[PDB]
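All remarks here apply to the structure that follows.
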Amino acid sequence: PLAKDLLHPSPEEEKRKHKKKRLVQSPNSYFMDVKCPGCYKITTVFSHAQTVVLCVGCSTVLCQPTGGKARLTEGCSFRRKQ
Amino acid sequence: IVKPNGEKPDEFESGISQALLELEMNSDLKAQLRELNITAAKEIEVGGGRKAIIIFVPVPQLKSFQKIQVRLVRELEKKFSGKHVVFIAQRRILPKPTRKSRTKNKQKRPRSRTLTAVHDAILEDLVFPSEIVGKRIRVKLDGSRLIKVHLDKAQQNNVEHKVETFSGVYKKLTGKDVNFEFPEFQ
Amino acid sequence: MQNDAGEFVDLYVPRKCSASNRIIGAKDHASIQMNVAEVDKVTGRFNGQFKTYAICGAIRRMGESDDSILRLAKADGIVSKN
Amino acid sequence: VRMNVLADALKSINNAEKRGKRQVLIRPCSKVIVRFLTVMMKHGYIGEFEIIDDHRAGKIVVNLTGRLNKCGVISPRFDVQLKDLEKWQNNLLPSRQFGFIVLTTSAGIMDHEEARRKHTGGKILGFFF
Amino acid sequence: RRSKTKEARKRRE
Amino acid sequence: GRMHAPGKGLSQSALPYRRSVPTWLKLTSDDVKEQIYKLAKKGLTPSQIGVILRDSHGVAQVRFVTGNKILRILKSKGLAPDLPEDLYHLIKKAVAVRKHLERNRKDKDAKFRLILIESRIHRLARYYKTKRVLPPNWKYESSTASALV
RNA sequence: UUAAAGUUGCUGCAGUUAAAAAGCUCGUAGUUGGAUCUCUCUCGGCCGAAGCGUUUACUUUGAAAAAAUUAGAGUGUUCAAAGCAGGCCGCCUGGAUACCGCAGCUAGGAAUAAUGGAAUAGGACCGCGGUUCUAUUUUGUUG
Ligand SMILES: [Mg+2]
Ligand SMILES: [Mg+2]
Ligand SMILES: [Mg+2]
Ligand SMILES: [Mg+2]
Ligand SMILES: [Mg+2]
Ligand SMILES: [Mg+2]
Ligand SMILES: [Mg+2]
Ligand SMILES: [Mg+2]
Ligand SMILES: [Mg+2]
Ligand SMILES: [Mg+2]
Ligand SMILES: [Mg+2]
Ligand SMILES: [Mg+2]
């Protein structure tokens, strides 16, 4: 109030502003890296994923789509990328 | 290995191309360096007499230079000893069409070749091992400008000893005043 | 203010708020001239010296007279960093 | 929808001013908004400002001195002859002593004052005092 | 015309 | 706001500042283009393709990687919709509303939404006519509607 | 009849309850519309004629805008409203100047606002080839 640095927001706060109203617009989703346990294979996936995605060889169903984020099937590890 | 457009070679170009020849014979990169050429070169003064090498390459080869850029810089640096070598693509600036013109204007100039765009592809190129994060143009109470440029925080230890060299480079081609900051994070 | 000859023709030269820079009115009774004291940096005792602030009646209602007093103090180094 | 970004910019800063705020975020920005702010700044009514460059349209963060009473825009832009200027300012400004009419002209964006000097007319943008 | 420029493109390529 | 609705809302994408293709992505421009081509030969609109790449192949924006935007790739390779895929969708939806509207005549609401959807069609169309994506005799007609889709 | 009348409102008024926002939405014309882009060759005495650069609007400048009237200089109608006269011991003088919307010409300016330029490249710029056509010089003249 009456004094704020609009130029230097706290990162804490900026995680909290809406994705278009940040000082520069930053996507809230990230590309993730999925591994189903029984397979060696690595898959790149979108964090908010429509359709449904597949590990080819095992016919393993990677994730169901939902409203916000895709929810991966159980036991399936993931790593956000950079 | 140099192909100037004006067609006349120089004494800097001489030893620098020769350096690349030496890197074609003695280095693992031979094929790439055979394919590639450079159009031009310069030397400048920055940061208390410290010296910087500027290498102009033809545009379509640029994204190829980007492959070997770091190795090239190590080796070419140790060939030239202490200097800072930076690569910039050679850029056409098509003068702004006016009411007074001949026909040098038949087809319109593409946005790509234009003052602002070029200055930003230069800026883009200078920093290469670092991405650009965000750019902040600040204005002085004078009416003068300055440009803060934000860089990847991961590549920090890679480029952070250069910094003010860029600041000199950009100033000598472009003519604007630029500082470089590494943001805490997002 | 000054005519061509350079005289100051005026009844009085009013004081501007230290926070928000508005002119403090002839009759505005919600106004403040606040005196903050200066210590001796060796001892912690009182000098006889002080730095003075003004705040108009606008900012007092907004309650942000406080915030502004504060960051004025910080700009004078009467309040520690943090 | 949004037309005339200049208008919306100066509404925003004039409001952040009556509120007695220190800084403002005005968006989007324009090569016009910028030269306007600059002309304002040379006379001090405002302060230094900083352009957040986003890959789309600007945001501008403006530092503020209480010196700005009213900042305004005149929509539509009218074509202001030299001879007219007087009438215009005598309508717009609080006094002969101070305040400015900002116009764009063939020369550049500037103050009614400076254009009087350069002997040019142009179109009105806005004014401040 | 179309055929001429297309063939010109394949023969330039 | 919405053009034809009262509702005013914020749902969209915000493209990241960086336009540089990240490091991890192992695909060429050309790899992606071949991918695109066969994906259009399975008969998908631009929308479909883009999302498909985004999900499994880690291509954020085809635009950045291969340098051109999707529909231009396809229209250059010659496999493209006749009419722009959105105008297509609008027409299909309008068709459907009529098809249900013949059997239930007593429905007022559906009748009204039909008019909305039509008006949207015409604005869109006249856009594609000033921009020469459509032959400028082209006319939405209620009867031959069923055909075009 | 004008001001007063910001009680016709472009400047500049109103429309919750005083007079007043359409039941509601679609919609053509109408008005309005986001960011973005820093001149050159043929003649004549290095400079003028020759070009054009997409085109406008805007702007400044020039010339043209009947006099009377209005604004405005000069001038003791004895003062003034006027008039264009007069003034010095034959001479000396006056009878100026501005304004004249819009339209139309003229030459600069290029911010703003329109608008165009290459997307099945029937694109620029290079110089090389063929096909057809025809003007004129030249072979001391005429064919
Ligand atoms: Mg509507
Ligand atoms: Mg009256
Ligand atoms: Mg009046
Ligand atoms: Mg009334
Ligand atoms: Mg009643
Ligand atoms: Mg009533
Ligand atoms: Mg109502
Ligand atoms: Mg209409
Ligand atoms: Mg605009
Ligand atoms: Mg007359
Ligand atoms: Mg008179
Ligand atoms: Mg005229």
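Residues in the structure tokens are numbered from 1 in each chain, the chains being A, B, ... in the order shown, and ligands are numbered from 1 in the order shown.
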Item to check | Selection near residue 50 of chain A, 9 Å with only C-alpha atoms (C1' of nucleotides), sequence-local residues under 3 positions removed, as a PyMOL selection string | outcome: (chain A and resi 46+53+64-67+69-70) or (chain F and resi 51-52+55)
Next on the checklist: Which residues are near ligand 6 in this structure, taking near to mean any atom at most 12 Å from a ligand atom and counting only C-alpha atoms (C1' of nucleotides) and all ligand atoms? Format them as a list in words.
Outcome noted: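 My answer, listing the contacting residues, is residues 15, 16, 17, 18, 19, 20 and 21 of chain G.
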Checklist entry - Which neighbours of residue 81 of chain A fall inside 12 Å, counting only C-alpha atoms (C1' of nucleotides), when residues of the same chain fewer than 2 positions from it are skipped, and could you give them as a VMD selection string? => result (chain A and resid 29 to 34 43 to 47 78 to 79) or (chain F and resid 22 to 25 58)
Write the residues of the preceding selection, restricted to C-alpha atoms, as an mmCIF file, in the first residue's frame.
data_model
loop_
_atom_site.group_PDB
_atom_site.id
_atom_site.type_symbol
_atom_site.label_atom_id
_atom_site.label_comp_id
_atom_site.auth_asym_id
_atom_site.auth_seq_id
_atom_site.Cartn_x
_atom_site.Cartn_y
_atom_site.Cartn_z
ATOM 1 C CA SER A 29 2.585 -26.238 -16.767
ATOM 2 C CA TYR A 30 5.776 -27.980 -17.515
ATOM 3 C CA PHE A 31 6.971 -30.826 -19.679
ATOM 4 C CA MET A 32 7.478 -33.931 -17.658
ATOM 5 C CA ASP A 33 9.405 -37.110 -18.122
ATOM 6 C CA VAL A 34 7.607 -40.304 -17.455
ATOM 7 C CA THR A 43 8.566 -40.682 -22.487
ATOM 8 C CA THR A 44 8.162 -36.961 -22.790
ATOM 9 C CA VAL A 45 4.696 -35.813 -21.721
ATOM 10 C CA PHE A 46 2.850 -32.573 -21.180
ATOM 11 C CA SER A 47 1.853 -31.793 -17.604
ATOM 12 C CA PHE A 78 8.057 -38.576 -13.390
ATOM 13 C CA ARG A 79 10.613 -35.809 -13.622
ATOM 14 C CA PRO F 22 15.029 -26.297 -25.439
ATOM 15 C CA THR F 23 17.964 -28.632 -25.308
ATOM 16 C CA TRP F 24 16.279 -31.943 -24.460
ATOM 17 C CA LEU F 25 14.220 -31.981 -27.589
ATOM 18 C CA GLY F 58 7.261 -32.702 -26.340
#
Among segment 6-86 of chain F, which ones does DSSP assign to alpha helix (DSSP H) (computed from the backbone)? Answer as a CSV table (one decimal) with N, CA, C and O atoms, in the first residue's frame.
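The resulting file, result.csv, is shown below:
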chain,number,residue,atom,x,y,z
F,29,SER,N,13.8,-30.3,-37.4
F,29,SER,CA,12.7,-29.7,-38.0
F,29,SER,C,12.0,-30.7,-38.9
F,29,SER,O,10.7,-30.8,-38.9
F,30,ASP,N,12.8,-31.5,-39.6
F,30,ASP,CA,12.3,-32.3,-40.7
F,30,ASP,C,11.6,-33.6,-40.1
F,30,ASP,O,10.6,-34.0,-40.7
F,31,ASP,N,12.1,-34.1,-39.0
F,31,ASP,CA,11.5,-35.2,-38.3
F,31,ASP,C,10.0,-34.8,-38.0
F,31,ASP,O,9.1,-35.6,-38.3
F,32,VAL,N,9.9,-33.7,-37.3
F,32,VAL,CA,8.6,-33.1,-37.0
F,32,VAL,C,7.7,-32.9,-38.2
F,32,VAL,O,6.6,-33.3,-38.2
F,33,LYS,N,8.3,-32.4,-39.3
F,33,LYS,CA,7.5,-32.2,-40.5
F,33,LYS,C,6.9,-33.6,-41.1
F,33,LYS,O,5.8,-33.6,-41.4
F,34,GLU,N,7.7,-34.6,-41.1
F,34,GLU,CA,7.3,-35.9,-41.5
F,34,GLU,C,6.1,-36.4,-40.6
F,34,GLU,O,5.1,-36.9,-41.1
F,35,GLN,N,6.4,-36.3,-39.3
F,35,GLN,CA,5.4,-36.6,-38.3
F,35,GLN,C,4.0,-35.9,-38.6
F,35,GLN,O,3.0,-36.5,-38.7
F,36,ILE,N,4.1,-34.6,-38.8
F,36,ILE,CA,3.0,-33.7,-39.2
F,36,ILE,C,2.3,-34.3,-40.4
F,36,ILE,O,1.0,-34.4,-40.4
F,37,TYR,N,3.0,-34.5,-41.5
F,37,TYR,CA,2.4,-35.0,-42.7
F,37,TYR,C,1.6,-36.3,-42.5
F,37,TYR,O,0.4,-36.3,-42.9
F,38,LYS,N,2.2,-37.3,-41.9
F,38,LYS,CA,1.4,-38.5,-41.7
F,38,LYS,C,0.2,-38.3,-40.8
F,38,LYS,O,-0.9,-38.9,-41.0
F,39,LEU,N,0.4,-37.4,-39.8
F,39,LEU,CA,-0.7,-37.0,-38.9
F,39,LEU,C,-1.9,-36.3,-39.6
F,39,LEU,O,-3.0,-36.3,-39.1
F,40,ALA,N,-1.6,-35.6,-40.7
F,40,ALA,CA,-2.6,-35.0,-41.5
F,40,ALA,C,-3.2,-36.0,-42.4
F,40,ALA,O,-4.4,-35.9,-42.8
F,41,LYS,N,-2.4,-37.0,-42.8
F,41,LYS,CA,-2.9,-38.0,-43.7
F,41,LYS,C,-3.8,-39.1,-43.0
F,41,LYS,O,-4.4,-39.9,-43.6
F,46,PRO,N,-5.6,-28.7,-38.1
F,46,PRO,CA,-4.4,-28.1,-37.4
F,46,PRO,C,-4.4,-28.2,-35.9
F,46,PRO,O,-3.4,-28.6,-35.3
F,47,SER,N,-5.6,-28.0,-35.3
F,47,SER,CA,-5.7,-28.1,-33.8
F,47,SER,C,-5.3,-29.4,-33.3
F,47,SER,O,-4.4,-29.5,-32.4
F,48,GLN,N,-5.8,-30.5,-33.8
F,48,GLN,CA,-5.5,-31.8,-33.5
F,48,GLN,C,-4.0,-32.0,-33.4
F,48,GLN,O,-3.4,-32.4,-32.4
F,49,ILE,N,-3.4,-31.8,-34.6
F,49,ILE,CA,-2.0,-32.0,-34.8
F,49,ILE,C,-1.2,-31.3,-33.7
F,49,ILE,O,-0.4,-32.0,-33.0
F,50,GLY,N,-1.4,-30.0,-33.5
F,50,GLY,CA,-0.7,-29.3,-32.5
F,50,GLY,C,-0.7,-29.9,-31.2
F,50,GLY,O,0.3,-30.2,-30.6
F,51,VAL,N,-2.0,-30.2,-30.7
F,51,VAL,CA,-2.1,-30.9,-29.4
F,51,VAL,C,-1.4,-32.2,-29.4
F,51,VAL,O,-0.6,-32.5,-28.4
F,52,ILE,N,-1.5,-33.1,-30.4
F,52,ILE,CA,-0.9,-34.4,-30.4
F,52,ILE,C,0.6,-34.2,-30.2
F,52,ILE,O,1.2,-35.0,-29.4
F,62,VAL,N,5.1,-26.0,-32.7
F,62,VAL,CA,5.7,-26.4,-33.9
F,62,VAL,C,6.4,-25.3,-34.6
F,62,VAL,O,7.5,-25.4,-35.2
F,63,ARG,N,5.8,-24.1,-34.4
F,63,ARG,CA,6.2,-22.9,-34.9
F,63,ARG,C,7.7,-22.6,-34.7
F,63,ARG,O,8.5,-22.3,-35.6
F,64,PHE,N,8.1,-22.7,-33.4
F,64,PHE,CA,9.5,-22.4,-33.1
F,64,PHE,C,10.5,-23.4,-33.7
F,64,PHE,O,11.4,-23.0,-34.3
F,65,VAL,N,10.1,-24.6,-33.6
F,65,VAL,CA,11.1,-25.7,-34.1
F,65,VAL,C,11.3,-25.7,-35.6
F,65,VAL,O,12.4,-25.6,-36.0
F,66,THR,N,10.2,-25.7,-36.3
F,66,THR,CA,10.3,-25.9,-37.8
F,66,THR,C,10.2,-24.6,-38.5
F,66,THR,O,10.3,-24.5,-39.7
F,70,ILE,N,1.8,-24.2,-38.3
F,70,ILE,CA,1.3,-25.5,-38.8
F,70,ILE,C,0.6,-25.5,-40.1
F,70,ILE,O,1.0,-26.2,-41.1
F,71,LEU,N,-0.4,-24.7,-40.2
F,71,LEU,CA,-1.3,-24.7,-41.4
F,71,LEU,C,-0.6,-24.4,-42.7
F,71,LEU,O,-0.9,-24.9,-43.7
F,72,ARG,N,0.5,-23.6,-42.6
F,72,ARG,CA,1.3,-23.2,-43.7
F,72,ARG,C,2.1,-24.4,-44.2
F,72,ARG,O,2.4,-24.5,-45.4
F,73,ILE,N,2.6,-25.2,-43.3
F,73,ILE,CA,3.3,-26.4,-43.6
F,73,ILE,C,2.5,-27.3,-44.5
F,73,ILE,O,2.9,-27.8,-45.5
F,74,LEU,N,1.3,-27.5,-44.0
F,74,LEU,CA,0.3,-28.4,-44.6
F,74,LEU,C,-0.2,-27.8,-46.0
F,74,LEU,O,-0.4,-28.6,-46.9
F,75,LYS,N,-0.4,-26.5,-46.0
F,75,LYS,CA,-0.9,-25.9,-47.3
F,75,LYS,C,0.2,-25.8,-48.3
F,75,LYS,O,-0.1,-25.9,-49.5
F,76,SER,N,1.4,-25.7,-47.9
F,76,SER,CA,2.6,-25.8,-48.8
F,76,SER,C,2.8,-27.2,-49.3
F,76,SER,O,3.1,-27.4,-50.5
F,85,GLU,N,-10.6,-24.7,-41.2
F,85,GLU,CA,-11.2,-25.7,-40.3
F,85,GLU,C,-12.2,-25.2,-39.3
F,85,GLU,O,-13.1,-25.9,-38.8
F,86,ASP,N,-12.1,-24.0,-38.9
F,86,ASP,CA,-13.0,-23.4,-37.9
F,86,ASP,C,-14.4,-23.2,-38.6
F,86,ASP,O,-15.4,-23.6,-38.1
Checklist entry - For the atom pair atom CA of residue 14 of chain A and atom CA of residue 28 of chain A, what is the interatomic distance in Å to one decimal place? => result 11.2 Å
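A straight line drawn from atom CA of residue 102 of chain D to atom CA of residue 124 of chain D is 6.3 Å long.
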Next on the checklist: Neighbouring residues of ligand 7 are defined here as those with any atom at most 10 Å from a ligand atom, counting only C-alpha atoms (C1' of nucleotides) and all ligand atoms; list them as a PyMOL selection string.
Outcome noted: chain G and resi 21-24
Filtering to N, CA, C and O atoms (P, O5', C5', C4', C3', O3' and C1' of nucleotides), could you give me those residues as a PDB file, in the first residue's frame?
ATOM      1  P     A G  21     -36.765   6.706 -21.619  1.00  0.00           P
ATOM      2  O5'   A G  21     -35.400   6.242 -20.907  1.00  0.00           O
ATOM      3  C5'   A G  21     -35.347   5.166 -19.962  1.00  0.00           C
ATOM      4  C4'   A G  21     -34.706   3.962 -20.594  1.00  0.00           C
ATOM      5  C3'   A G  21     -34.300   2.833 -19.650  1.00  0.00           C
ATOM      6  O3'   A G  21     -34.501   1.568 -20.313  1.00  0.00           O
ATOM      7  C1'   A G  21     -32.413   3.589 -20.841  1.00  0.00           C
ATOM      8  P     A G  22     -35.950   0.836 -20.393  1.00  0.00           P
ATOM      9  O5'   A G  22     -36.719   1.578 -21.579  1.00  0.00           O
ATOM     10  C5'   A G  22     -36.090   1.802 -22.838  1.00  0.00           C
ATOM     11  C4'   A G  22     -36.845   1.149 -23.963  1.00  0.00           C
ATOM     12  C3'   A G  22     -36.968  -0.368 -23.854  1.00  0.00           C
ATOM     13  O3'   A G  22     -38.172  -0.791 -24.513  1.00  0.00           O
ATOM     14  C1'   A G  22     -35.775   0.170 -25.796  1.00  0.00           C
ATOM     15  P     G G  23     -39.436  -1.383 -23.694  1.00  0.00           P
ATOM     16  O5'   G G  23     -38.948  -2.828 -23.229  1.00  0.00           O
ATOM     17  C5'   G G  23     -38.180  -2.995 -22.050  1.00  0.00           C
ATOM     18  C4'   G G  23     -38.112  -4.439 -21.663  1.00  0.00           C
ATOM     19  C3'   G G  23     -36.939  -5.215 -22.233  1.00  0.00           C
ATOM     20  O3'   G G  23     -35.768  -5.079 -21.434  1.00  0.00           O
ATOM     21  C1'   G G  23     -38.945  -6.413 -22.613  1.00  0.00           C
ATOM     22  P     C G  24     -34.341  -4.627 -22.049  1.00  0.00           P
ATOM     23  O5'   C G  24     -33.740  -5.972 -22.661  1.00  0.00           O
ATOM     24  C5'   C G  24     -33.767  -7.187 -21.921  1.00  0.00           C
ATOM     25  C4'   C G  24     -33.715  -8.384 -22.832  1.00  0.00           C
ATOM     26  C3'   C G  24     -32.714  -8.297 -23.964  1.00  0.00           C
ATOM     27  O3'   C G  24     -31.412  -8.632 -23.546  1.00  0.00           O
ATOM     28  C1'   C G  24     -34.770  -9.024 -24.815  1.00  0.00           C
TER      29        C G  24
END
Checklist entry - Neighbours of residue 109 of chain B within 9 Å (only C-alpha atoms (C1' of nucleotides); same-chain residues fewer than 4 positions away dropped), as a list in words? => result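 Those residues are residues 94, 95, 96, 97, 105, 113 and 114 of chain B; 37 of chain G.
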May I ask you to write as a PDB file with N, CA and C atoms (P, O5', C5', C4', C3', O3' and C1' of nucleotides), in the first residue's frame all residues lying at most 9 Å from ligand 9, with only C-alpha atoms (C1' of nucleotides) and all ligand atoms counted?
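Listing of pocket-v6.pdb after writing:
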ATOM      1  N   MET D   3      -9.969   0.788 -27.269  1.00  0.00           N
ATOM      2  CA  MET D   3      -9.424   1.601 -28.327  1.00  0.00           C
ATOM      3  C   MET D   3      -8.654   2.648 -27.573  1.00  0.00           C
ATOM      4  N   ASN D   4      -7.774   3.364 -28.262  1.00  0.00           N
ATOM      5  CA  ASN D   4      -7.079   4.493 -27.645  1.00  0.00           C
ATOM      6  C   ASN D   4      -6.379   4.161 -26.317  1.00  0.00           C
ATOM      7  N   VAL D   5      -5.295   3.409 -26.426  1.00  0.00           N
ATOM      8  CA  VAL D   5      -4.521   2.997 -25.278  1.00  0.00           C
ATOM      9  C   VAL D   5      -3.970   4.173 -24.510  1.00  0.00           C
TER      10      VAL D   5
ATOM     11  P     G G  33     -10.933   5.363 -34.213  1.00  0.00           P
ATOM     12  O5'   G G  33     -10.417   3.852 -34.187  1.00  0.00           O
ATOM     13  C5'   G G  33      -9.719   3.360 -33.051  1.00  0.00           C
ATOM     14  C4'   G G  33      -9.905   1.875 -32.816  1.00  0.00           C
ATOM     15  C3'   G G  33      -8.912   0.955 -33.492  1.00  0.00           C
ATOM     16  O3'   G G  33      -7.670   0.975 -32.810  1.00  0.00           O
ATOM     17  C1'   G G  33     -11.092   0.052 -33.682  1.00  0.00           C
ATOM     18  P     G G  34      -6.314   0.404 -33.465  1.00  0.00           P
ATOM     19  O5'   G G  34      -5.844  -0.639 -32.354  1.00  0.00           O
ATOM     20  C5'   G G  34      -6.435  -0.630 -31.056  1.00  0.00           C
ATOM     21  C4'   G G  34      -5.555  -1.333 -30.057  1.00  0.00           C
ATOM     22  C3'   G G  34      -4.054  -1.249 -30.327  1.00  0.00           C
ATOM     23  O3'   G G  34      -3.462  -0.061 -29.822  1.00  0.00           O
ATOM     24  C1'   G G  34      -4.667  -3.489 -29.965  1.00  0.00           C
ATOM     25  P     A G  35      -2.482   0.835 -30.728  1.00  0.00           P
ATOM     26  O5'   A G  35      -1.051   0.268 -30.358  1.00  0.00           O
ATOM     27  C5'   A G  35      -0.547  -0.851 -31.052  1.00  0.00           C
ATOM     28  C4'   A G  35       0.162  -1.791 -30.131  1.00  0.00           C
ATOM     29  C3'   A G  35       1.637  -1.977 -30.424  1.00  0.00           C
ATOM     30  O3'   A G  35       2.407  -1.014 -29.758  1.00  0.00           O
ATOM     31  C1'   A G  35       0.605  -4.074 -30.159  1.00  0.00           C
ATOM     32  P     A G 113      -1.247   6.028 -34.692  1.00  0.00           P
ATOM     33  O5'   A G 113      -2.386   6.062 -35.804  1.00  0.00           O
ATOM     34  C5'   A G 113      -3.544   6.858 -35.590  1.00  0.00           C
ATOM     35  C4'   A G 113      -4.412   6.971 -36.819  1.00  0.00           C
ATOM     36  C3'   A G 113      -4.256   5.882 -37.863  1.00  0.00           C
ATOM     37  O3'   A G 113      -4.927   4.689 -37.484  1.00  0.00           O
ATOM     38  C1'   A G 113      -4.343   7.991 -38.923  1.00  0.00           C
TER      39        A G 113
END
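For residue 49 of chain D, the non-local neighbours within 8 Å, defined as residues at least 6 positions apart in the same chain or in other chains and counting only C-alpha atoms (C1' of nucleotides), are residues 138, 139 and 140 of chain B; 60, 61, 62 and 63 of chain D.
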Item to check | Distance-based interface of chain G with chain E, 9 Å, counting only C-alpha atoms (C1' of nucleotides), as a PyMOL selection string | outcome: chain G and resi 120-122
Next, dump the selected residues to file, keeping only C-alpha atoms (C1' of nucleotides), as a PDB file, in the first residue's frame.
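So selection.pdb came out as:
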ATOM      1  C1'   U G 120      -0.018 -22.376 -55.870  1.00  0.00           C
ATOM      2  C1'   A G 121       6.351 -16.870 -56.359  1.00  0.00           C
ATOM      3  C1'   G G 122       2.817 -15.686 -63.269  1.00  0.00           C
TER       4        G G 122
END
Next on the checklist: If the limit is 9 Å from any atom of ligand 1, counting only C-alpha atoms (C1' of nucleotides) and all ligand atoms, which residues qualify? Return them as a list in words.
Outcome noted: residues 2, 3, 4 and 5 of chain F; 26 and 27 of chain G
Expected answer as a PDB file with N, CA, C and O atoms (P, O5', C5', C4', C3', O3' and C1' of nucleotides), in the first residue's frame: residues within 10 Å of ligand 10, only C-alpha atoms (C1' of nucleotides) and all ligand atoms:
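File written: result_11.pdb
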ATOM      1  P     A G  65      -6.694  38.049 -57.738  1.00  0.00           P
ATOM      2  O5'   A G  65      -7.265  38.184 -56.242  1.00  0.00           O
ATOM      3  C5'   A G  65      -8.657  38.358 -55.987  1.00  0.00           C
ATOM      4  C4'   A G  65      -9.198  37.138 -55.298  1.00  0.00           C
ATOM      5  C3'   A G  65     -10.102  37.349 -54.081  1.00  0.00           C
ATOM      6  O3'   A G  65     -11.470  37.668 -54.396  1.00  0.00           O
ATOM      7  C1'   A G  65      -8.466  35.705 -53.595  1.00  0.00           C
ATOM      8  P     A G  66     -12.441  38.530 -53.393  1.00  0.00           P
ATOM      9  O5'   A G  66     -12.436  39.999 -54.050  1.00  0.00           O
ATOM     10  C5'   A G  66     -11.825  40.228 -55.324  1.00  0.00           C
ATOM     11  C4'   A G  66     -11.782  41.686 -55.702  1.00  0.00           C
ATOM     12  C3'   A G  66     -12.106  42.700 -54.606  1.00  0.00           C
ATOM     13  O3'   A G  66     -11.093  42.877 -53.600  1.00  0.00           O
ATOM     14  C1'   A G  66     -13.428  43.186 -56.450  1.00  0.00           C
ATOM     15  P     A G  67     -10.357  44.278 -53.213  1.00  0.00           P
ATOM     16  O5'   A G  67     -11.490  45.335 -52.792  1.00  0.00           O
ATOM     17  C5'   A G  67     -11.164  46.707 -52.531  1.00  0.00           C
ATOM     18  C4'   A G  67     -12.214  47.631 -53.094  1.00  0.00           C
ATOM     19  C3'   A G  67     -13.109  48.310 -52.076  1.00  0.00           C
ATOM     20  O3'   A G  67     -12.540  49.481 -51.519  1.00  0.00           O
ATOM     21  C1'   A G  67     -14.457  47.308 -53.718  1.00  0.00           C
ATOM     22  P     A G  68     -12.555  49.716 -49.924  1.00  0.00           P
ATOM     23  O5'   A G  68     -14.094  49.890 -49.547  1.00  0.00           O
ATOM     24  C5'   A G  68     -14.788  51.075 -49.876  1.00  0.00           C
ATOM     25  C4'   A G  68     -16.251  50.920 -49.609  1.00  0.00           C
ATOM     26  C3'   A G  68     -16.608  50.557 -48.187  1.00  0.00           C
ATOM     27  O3'   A G  68     -16.639  51.669 -47.329  1.00  0.00           O
ATOM     28  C1'   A G  68     -17.713  49.097 -49.626  1.00  0.00           C
ATOM     29  P     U G  69     -15.715  51.663 -46.025  1.00  0.00           P
ATOM     30  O5'   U G  69     -16.462  50.668 -45.032  1.00  0.00           O
ATOM     31  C5'   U G  69     -17.858  50.776 -44.805  1.00  0.00           C
ATOM     32  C4'   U G  69     -18.407  49.511 -44.200  1.00  0.00           C
ATOM     33  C3'   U G  69     -17.714  49.012 -42.947  1.00  0.00           C
ATOM     34  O3'   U G  69     -18.078  49.722 -41.779  1.00  0.00           O
ATOM     35  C1'   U G  69     -18.074  47.208 -44.406  1.00  0.00           C
ATOM     36  P     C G  99      -3.457  37.942 -43.081  1.00  0.00           P
ATOM     37  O5'   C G  99      -4.979  37.682 -42.699  1.00  0.00           O
ATOM     38  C5'   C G  99      -5.381  37.546 -41.343  1.00  0.00           C
ATOM     39  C4'   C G  99      -6.868  37.758 -41.198  1.00  0.00           C
ATOM     40  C3'   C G  99      -7.738  37.053 -42.230  1.00  0.00           C
ATOM     41  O3'   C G  99      -7.956  35.686 -41.921  1.00  0.00           O
ATOM     42  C1'   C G  99      -8.459  39.297 -41.978  1.00  0.00           C
ATOM     43  P     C G 100      -7.599  34.534 -42.988  1.00  0.00           P
ATOM     44  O5'   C G 100      -8.865  34.518 -43.947  1.00  0.00           O
ATOM     45  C5'   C G 100     -10.161  34.833 -43.467  1.00  0.00           C
ATOM     46  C4'   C G 100     -11.065  35.161 -44.624  1.00  0.00           C
ATOM     47  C3'   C G 100     -10.727  34.451 -45.932  1.00  0.00           C
ATOM     48  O3'   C G 100     -11.207  33.107 -45.971  1.00  0.00           O
ATOM     49  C1'   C G 100     -11.177  36.753 -46.342  1.00  0.00           C
TER      50        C G 100
END
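Selecting all polymer residues at most 7 Å from ligand 2, using only C-alpha atoms (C1' of nucleotides) and all ligand atoms, gives residues 2, 3 and 5 of chain G.
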Any chance you could tabulate, as a tab-separated table, the residues of chain A at most 7 Å from chain D with each one's nearest atom pair and distance in Å to one decimal, using only C-alpha atoms, in chain and rising number order?
residue	atom	partner	partner_atom	distance
A:2	CA	D:21	CA	4.6
A:3	CA	D:22	CA	5.7
A:24	CA	D:54	CA	6.0
Selection export as a short mmCIF file (atom, residue, chain, number, x, y, z; two decimals), in the first residue's frame, atoms kept: N, CA and C atoms:
data_model
loop_
_atom_site.label_atom_id
_atom_site.label_comp_id
_atom_site.auth_asym_id
_atom_site.auth_seq_id
_atom_site.Cartn_x
_atom_site.Cartn_y
_atom_site.Cartn_z
N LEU A 2 0.73 2.06 -1.08
CA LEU A 2 1.41 3.35 -1.23
C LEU A 2 2.93 3.22 -1.39
N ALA A 3 3.49 2.07 -1.04
CA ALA A 3 4.84 1.75 -1.46
C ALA A 3 4.91 0.28 -1.84
N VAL A 24 5.62 -10.79 -16.33
CA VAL A 24 5.70 -11.32 -17.69
C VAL A 24 5.01 -12.68 -17.70
#
Checklist entry - Would you list which chain F residues are within 7 Å of chain A using only C-alpha atoms, as a ChimeraX atom specification? => result /F:14-16,54-58
